[PDB]
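Before any questions on binding or motion, here is one chain by itself as structure tokens, the form deposited in one PDB entry.
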């Protein structure tokens, strides 16, 4: 089918990409980076995230595959040494697809931008103190004062979320997870402290208290937003699809990345 290949751009990755293209040339496969059905990322997780965002408008038409040319990336299923095996297996096709959930961020102003995240969306102040009211399904839950907030997808729970003390969640769970960055807690200021895990259809809204300017990151990408009225988080209706050619269970991937390999 139609496929394309992105590369991190070092020599190792570019060469691997050129060799996979040459091998695909031996099959009924057309290189097309406008309407691919398969997107192969050669690099690291950053490369994979960039491929995801390059095709975020055709996620229902695409299956993604990641090859890690450095150490094991979490969105990587293959080592460079398995590239030829991969070419052959994709060629035939008949592979199964697995889907992971995504995070929708909506930023309203004074006038609305939406963003999709594979790992997480975070919010910090644009300089100066960060203070927001946290509203869950229209219920005022807490006033947060501190460094920032991180909202993670399931597959992002092993990324920034983990470093903030979040739980690691199996990606079959349709949820998002909110973690705190250095909140202040004394007899006058109080937050929940604990990570919070939200199901589909729950909406978490951050509402400014004084300053209305925020730095909002989605995956690698950080944008200054001015005059913000609301930042809304919910699990997206959209999912990312992976081509799978063999079992590599999530919990084994976690073991291999954090325990030993």
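Residue numbers count along the first chain shown, from 1. We call the rigid core whatever largest set of C-alpha positions still superposes within 1.5 Å between the two forms.
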Counting only other entries where the flanking residues are modelled, do a third or more lack residue 110?
yes
Open item on the list: Where both flanking residues are modelled in the other PDB entries compared, is residue 46 itself missing in a third or more?
Closed with: no
Gap between residue 128 and residue 129, counted in deposited residues with no coordinates, falls in the class none
Mean Cα B-factor check, 143-151 vs 90-98, entry values; winner is 90-98
Of 162-170 and 79-87, the stretch with the higher mean C-alpha B-factor in the deposited entry is 79-87
For 190, 111, 104, 124, the deposited C-alpha B-factor is largest at 111
On the chain's distribution of Cα B-factors, residue 30 falls within the third called highest
By the entry's values, the third containing the CA B factor of residue 194 is the lowest
Quick tally, chain-level thirds of C-alpha B-factors: residue 1 sits in the highest
Chain thirds by Cα B factor, record data; residue 45 belongs to the middle
Binned into thirds over the chain's modelled residues, the C-alpha B-factor of residue 207 lands in the middle
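There is also a form deposited in another entry; it is not shown, and the following applies to it.
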With the core superposed between this form and the one not shown, a CA shift of at least 2 Å among 163, 99, 185, 137 belongs only to 185
